[PDB]
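Coordinates as given in work.cif (mmCIF, C-alpha atoms (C1' of nucleotides)):
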```cif
data_entry
loop_
_atom_site.label_atom_id
_atom_site.label_comp_id
_atom_site.auth_asym_id
_atom_site.auth_seq_id
_atom_site.Cartn_x
_atom_site.Cartn_y
_atom_site.Cartn_z
CA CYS V 104 -48.97 -36.20 30.62
CA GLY V 105 -52.17 -34.69 31.97
CA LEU V 106 -53.27 -31.73 34.08
CA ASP V 107 -55.46 -33.63 36.56
CA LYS V 108 -52.20 -34.83 38.19
CA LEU V 109 -50.66 -31.35 38.49
CA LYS V 110 -50.46 -28.93 41.41
CA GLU V 119 -54.51 -20.70 43.62
CA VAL V 120 -52.85 -22.64 46.46
CA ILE V 121 -50.10 -20.85 48.38
CA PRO V 122 -46.69 -22.05 47.10
CA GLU V 123 -45.23 -23.28 50.40
CA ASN V 124 -44.79 -26.39 52.55
CA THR V 125 -42.13 -27.83 50.22
CA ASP V 126 -38.33 -27.81 50.15
CA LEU V 127 -37.56 -25.25 47.43
CA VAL V 128 -34.95 -22.66 46.47
CA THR V 129 -36.58 -20.02 44.28
CA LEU V 130 -39.55 -19.84 46.65
CA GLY V 131 -37.35 -18.01 49.15
CA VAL V 132 -36.62 -15.30 46.60
CA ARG V 133 -40.33 -15.30 45.72
CA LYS V 134 -41.33 -14.69 49.34
CA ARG V 135 -38.66 -12.00 49.71
CA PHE V 136 -40.07 -10.26 46.63
CA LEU V 137 -43.61 -10.59 48.02
CA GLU V 138 -42.47 -8.94 51.26
CA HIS V 139 -40.63 -6.17 49.40
CA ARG V 140 -43.85 -5.61 47.44
CA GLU V 141 -46.08 -5.50 50.53
CA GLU V 142 -43.61 -2.96 51.96
CA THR V 143 -44.06 -0.15 49.41
CA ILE V 144 -45.80 -1.35 46.23
CA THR V 145 -49.51 -0.80 46.80
CA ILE V 146 -51.88 -2.83 44.62
CA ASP V 147 -51.05 -3.98 41.07
CA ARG V 148 -49.78 -0.84 39.34
CA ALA V 149 -46.76 1.35 38.58
CA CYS V 150 -45.96 -1.19 35.83
CA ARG V 151 -46.02 1.28 32.95
CA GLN V 152 -43.45 -0.32 30.64
CA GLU V 153 -44.78 -3.76 31.59
CA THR V 154 -48.32 -2.95 30.48
CA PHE V 155 -46.87 -1.25 27.39
CA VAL V 156 -45.07 -4.44 26.38
CA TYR V 157 -48.16 -6.51 27.21
CA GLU V 158 -50.46 -4.46 24.99
CA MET V 159 -47.94 -4.10 22.16
CA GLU V 160 -47.54 -7.89 22.13
CA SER V 161 -51.29 -8.54 22.33
CA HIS V 162 -51.94 -6.17 19.41
CA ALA V 163 -50.51 -8.89 17.13
CA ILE V 164 -52.36 -11.93 18.55
CA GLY V 165 -54.70 -13.57 16.06
CA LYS V 166 -55.60 -10.48 14.03
CA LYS V 167 -57.02 -11.34 10.61
CA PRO V 168 -56.54 -9.22 7.47
CA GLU V 169 -59.35 -7.21 5.93
CA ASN V 170 -58.82 -8.84 2.52
CA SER V 171 -58.32 -12.54 1.86
CA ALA V 172 -55.34 -11.80 -0.41
CA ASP V 173 -53.39 -10.20 2.48
CA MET V 174 -52.94 -13.46 4.42
CA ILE V 175 -49.28 -13.99 5.30
CA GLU V 176 -48.03 -17.24 3.80
CA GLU V 177 -46.48 -19.85 6.07
CA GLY V 178 -42.75 -19.55 6.71
CA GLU V 179 -42.40 -15.80 6.10
CA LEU V 180 -39.26 -14.29 7.61
CA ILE V 181 -39.86 -11.95 10.56
CA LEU V 182 -36.87 -9.81 11.56
CA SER V 183 -36.58 -7.80 14.78
CA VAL V 184 -34.59 -4.58 14.33
CA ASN V 185 -33.72 -2.14 17.10
CA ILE V 186 -33.00 1.47 16.16
CA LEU V 187 -30.91 4.11 17.92
CA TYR V 188 -31.63 7.53 16.40
CA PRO V 189 -31.69 9.97 19.33
CA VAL V 190 -29.17 11.30 21.84
CA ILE V 191 -31.78 12.52 24.37
CA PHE V 192 -31.89 9.68 26.90
CA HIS V 193 -29.92 7.86 29.56
CA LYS V 194 -26.47 7.20 28.42
CA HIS V 195 -26.10 5.80 31.96
CA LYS V 196 -28.96 3.28 32.13
CA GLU V 197 -27.30 0.48 30.15
CA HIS V 198 -28.69 2.18 27.02
CA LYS V 199 -32.43 2.09 26.22
CA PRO V 200 -32.66 4.94 23.67
CA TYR V 201 -35.27 4.06 21.04
CA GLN V 202 -37.96 1.93 19.41
CA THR V 203 -37.74 -1.62 18.00
CA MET V 204 -39.51 -2.78 14.82
CA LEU V 205 -40.60 -6.03 13.17
CA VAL V 206 -40.26 -6.43 9.39
"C1'" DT L 1 -61.22 19.98 45.10
"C1'" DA L 2 -56.52 19.96 46.78
"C1'" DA L 3 -52.47 17.36 50.04
"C1'" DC L 4 -49.20 13.92 51.09
"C1'" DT L 5 -47.19 9.47 50.25
"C1'" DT L 6 -46.00 6.65 46.83
"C1'" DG L 7 -42.14 4.84 41.90
"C1'" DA L 8 -38.52 4.41 38.70
"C1'" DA L 9 -36.30 8.01 37.09
"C1'" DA L 10 -31.64 12.00 36.35
"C1'" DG L 11 -27.36 14.06 37.42
"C1'" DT L 12 -24.86 14.61 39.92
"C1'" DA L 13 -21.66 14.00 42.62
"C1'" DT L 14 -17.64 11.87 44.70
"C1'" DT L 15 -14.58 7.85 45.12
"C1'" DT L 16 -11.54 4.99 43.47
"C1'" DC L 17 -8.94 3.21 39.21
"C1'" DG L 18 -6.18 2.98 34.53
"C1'" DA L 19 -2.58 5.68 32.68
"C1'" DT L 20 0.36 9.14 31.42
"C1'" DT L 21 3.16 12.61 33.40
"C1'" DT L 22 6.56 14.24 36.54
"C1'" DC L 23 10.44 13.24 39.32
"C1'" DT L 24 14.59 10.62 40.80
"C1'" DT L 25 19.17 7.86 39.24
"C1'" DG L 26 23.71 7.20 36.23
"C1'" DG L 27 27.49 8.70 32.72
"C1'" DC L 28 29.05 10.90 28.90
"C1'" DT L 29 29.84 14.75 26.37
"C1'" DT L 30 33.18 18.32 26.73
"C1'" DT L 31 38.25 21.59 28.64
"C1'" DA L 32 42.84 21.60 28.49
"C1'" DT L 33 49.26 18.37 28.95
"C1'" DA L 34 51.81 15.26 28.08
"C1'" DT L 35 52.91 10.31 29.14
"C1'" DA L 36 53.25 5.94 25.25
"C1'" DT L 37 52.42 1.89 21.29
"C1'" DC L 38 49.32 -1.89 17.44
"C1'" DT L 39 47.40 -2.63 13.44
"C1'" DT L 40 44.57 -0.61 10.56
"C1'" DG L 41 42.02 4.17 9.30
"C1'" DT L 42 43.88 6.51 5.25
"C1'" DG L 43 47.45 9.91 1.28
"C1'" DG L 44 48.97 9.63 -3.01
"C1'" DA L 45 50.99 7.90 -7.56
"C1'" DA L 46 50.85 4.97 -10.88
"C1'" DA L 47 48.84 2.26 -15.13
"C1'" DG L 48 46.69 -1.93 -17.04
"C1'" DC L 49 27.03 4.06 -28.53
"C1'" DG L 50 24.99 5.52 -32.03
"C1'" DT L 51 21.46 8.89 -34.27
"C1'" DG L 52 19.26 11.82 -38.17
"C1'" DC L 53 19.32 14.52 -42.21
"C1'" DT L 54 21.02 15.73 -46.11
"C1'" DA L 55 18.92 22.34 -46.45
"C1'" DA L 56 20.26 23.34 -51.13
"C1'" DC L 57 22.20 25.14 -54.88
"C1'" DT L 58 27.41 25.03 -58.39
"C1'" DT L 59 30.42 22.93 -60.54
"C1'" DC L 60 34.02 20.65 -59.56
"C1'" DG L 61 36.55 16.94 -60.65
"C1'" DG L 62 39.27 12.47 -59.13
"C1'" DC L 63 39.73 8.81 -59.48
"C1'" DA L 64 37.32 3.97 -59.13
"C1'" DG L 65 36.81 0.75 -61.97
"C1'" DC L 66 36.30 -0.86 -65.71
"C1'" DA L 67 36.62 -2.03 -69.23
"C1'" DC L 68 36.65 -1.61 -74.49
"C1'" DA L 69 39.89 -1.73 -78.15
"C1'" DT L 70 43.56 -2.82 -80.04
"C1'" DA L 71 48.59 -3.45 -81.24
"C1'" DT L 72 51.61 -6.80 -80.59
"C1'" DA L 73 54.04 -11.22 -79.66
"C1'" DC L 74 53.08 -16.21 -79.67
"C1'" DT L 75 51.40 -20.16 -82.03
"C1'" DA L 76 49.30 -23.48 -85.80
"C1'" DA L 77 49.33 -24.46 -90.64
#
```
When written as structure tokens, how does the structure in this file appear?
Amino acid sequence: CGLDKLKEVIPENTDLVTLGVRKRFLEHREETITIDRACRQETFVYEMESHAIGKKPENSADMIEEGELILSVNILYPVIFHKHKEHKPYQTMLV
DNA sequence: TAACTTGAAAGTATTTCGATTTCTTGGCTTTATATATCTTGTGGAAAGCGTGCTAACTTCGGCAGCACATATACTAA
């Protein structure tokens, strides 16, 4: 179980299944998507997840003890949104 | 310092789909007339608990019972 014996290189020249979908997506990207952008919500999620990576408290007494319950709670307050798009109305919190 | 080609982002529109409505069927109701018959739909006349308070005076006012006393007939000496 090492990395020196593990496959950067173009993922091709092997009998695969998902690689066909991957190449189709690459072609669809080269068609209209330009460089690496238009991923607004994607970068939002990325940064909002990185904001909580390895941040230490200002005081030593504010260290979260091991095993503390973290609960994810979505909230739907507003009516002003897409009732059509599967429903994505409002923010989600952690407590 | 704009101009056009980008992207997922709305309404917005139309197309079909669940469902309830609307449209068809019978058939019974009712109108008279009389024709006729089974058991079972009746008409009608009998007859074999439970209390409370006194509303209070007056002056009965009788009898209930009771009941006390005793005069008398029976019995022991």
Interface list for chain V, partner chain L, 10 Å threshold, all atoms listed in the file, as a PyMOL selection string: chain V and resi 143-145+148-151+192-193+195
As AutoDock Vina command-line options, what would the box around range 3-6 of chain L look like: edges along x, y and z, 3 Å added on every side, centre and edge lengths in Å to one decimal?
```
--center_x -49.2 --center_y 12.0 --center_z 49.0 --size_x 12.5 --size_y 16.7 --size_z 10.3
```
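When CA of residue 121 in chain V is paired with CA of residue 154 in chain V, their separation reads 25.4 Å.
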Between CA of residue 177 in chain V and CA of residue 206 in chain V, distance in Å (one decimal): 15.2 Å
Chain and number of each residue from the PyMOL selection byres ((chain V and resi 184) around 9), as an NGL selection string: :V and (182-183 or 185-186 or 202-206)
Mind writing the picked residues with C-alpha atoms as a compact mmCIF listing (two decimals), in the frame of the given file?
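What follows is the written file again_24.txt:
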```
# COMPACT_ATOMS: atom_id res chain seq x y z
CA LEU V 182 -36.87 -9.81 11.56
CA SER V 183 -36.58 -7.80 14.78
CA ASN V 185 -33.72 -2.14 17.10
CA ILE V 186 -33.00 1.47 16.16
CA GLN V 202 -37.96 1.93 19.41
CA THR V 203 -37.74 -1.62 18.00
CA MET V 204 -39.51 -2.78 14.82
CA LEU V 205 -40.60 -6.03 13.17
CA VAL V 206 -40.26 -6.43 9.39
```
